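Below: one structure, written as structure tokens.
Protein chains in written order, with the deposited numbering: chain A, 303 to 352; chain A', 303 to 352; chain A'', 52 to 302. A prime marks a further copy of an entry chain.
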């Protein structure tokens, strides 16, 4: 912006599952978390396995 | 520079593999070291096999 | 007439797949599976996937078994019972340097008479400044600075110095000495147990630094041609891979 800078608005969160592979297909291109998938692990792009 | 000289800033390091040939293709034109490639050997331009 | 049903186990084909742990098998052999109720079964069902429990299963749903791994790095107990194969997503602990190697090639005609002081800076007092990175008990990196000082033909004085910590005071004493024969072959001073220095309570490991097969020869520049840091830092499970020998490994 006009005040001569960049500011952080937010950080997109990425999710990995134990199995990715196991997700329940929905909508448009939407997946629901499942027991098969396990619980999603959150992180950021370029961190861990994201 | 203005003080009438040349000074060393650094030395670019070059890497050779056992196999060069075996590297894992990535990004833009980036390769990852692999077991097939073996471990990179470091050196300078005009030295050894660099 | 009466009938007797049989099944002919000829090999199939292999099918250019690439998702999951699509492990095919040639010739004879069955995968050993275990049903959750403690029952052993056999199958050629090459389709395997990791479930939410970090277990390899088919679909079906039965557990793929194999030999357990133990030690650090893990080793395969072939004589052990066919345990269920699991793949944890938890971290590789750092492993202190235990030993280290350092293959050195020195120019036979490179003396140091210009100076005698050290303090990791008096260039004239040495011929080679090499640094080996080592790990302490928390994996904290340390700077094993090594100085090679030609005192004479076939005798080089060695000074050591951990520049990653304040504890590494001016390395003005001959940590060791190397002896070579007339052919430039390292005859003595093979290895020295050298401290790593310390950080955040992590102990100063110490490790056996070997100069095995180092040589003093007419040609070349004082150099380092392969060195090894026997240990690790922390690790995160990037990927899964299966070798054709049935080993399951973590990258």
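All residues carry an ideal CB built from backbone N, CA and C; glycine is no exception.
{"Query": "Beta-carbon proximity check, residue 267 of chain A'' vs residue 178 of chain A'', cutoff 8 Å", "Result": "no"}
{"Query": "Cβ-based neighbour list, residue 327 of chain A', same chain, cut-off 7 Å, excluding 5 preceding and 5 following", "Result": "333"}
{"Query": "Cβ of residue 284 of chain A'' within 8 Å of any chain A Cβ", "Result": "no"}
{"Query": "8 Å Cβ cutoff, residue 357 of chain A in contact with chain A''", "Result": "Residue 357 of chain A lies beyond the residue range present for chain A, which begins at 303 and ends at 352; the question has no answer from this structure."}
{"Query": "Member of A'':291, A'':272, A'':277 and A'':103 whose CA lies at the smallest distance from the CA of residue 160 of chain A''", "Result": "A'':272"}
{"Query": "Closer than 8 Å to chain A by CB, residue 260 of chain A''", "Result": "no"}
{"Query": "Under the three-state DSSP convention, the category residue 175 of chain A'' falls into", "Result": "helix"}
{"Query": "Per-residue burial, residue 208 of chain A'' [other beta carbons within 10 Å of its own, 16 or more giving buried]", "Result": "buried"}
{"Query": "Cβ-Cβ distance between residue 219 of chain A'' and residue 190 of chain A'' below 8 Å", "Result": "no"}
{"Query": "Element boundaries [beta strand (DSSP E), containing residue 86 of chain A'']", "Result": "82-86"}
{"Query": "Nearest candidate by alpha-carbon position, reference residue 66 of chain A'', set A'':59, A'':74 and A'':85", "Result": "A'':74"}
{"Query": "Neighbour flag for residue 350 of chain A against chain A'', beta carbons, 8 Å", "Result": "yes"}
{"Query": "Counterpart residues of residue 92 of chain A'' in DSSP-defined beta bridges", "Result": "A'':84"}
{"Query": "Exposed unless 16 or more other CB atoms sit within 10 angstroms - verdict on residue 110 of chain A''", "Result": "exposed"}
{"Query": "Nearest-angstrom beta carbon gap, residue 324 of chain A and residue 338 of chain A [assumed within contact, 8 Å]", "Result": "3 Å"}
{"Query": "Interfacial residues, the region 323-336 of chain A to chain A'', with Cβ spacing under 9 Å", "Result": "323, 324 and 336"}
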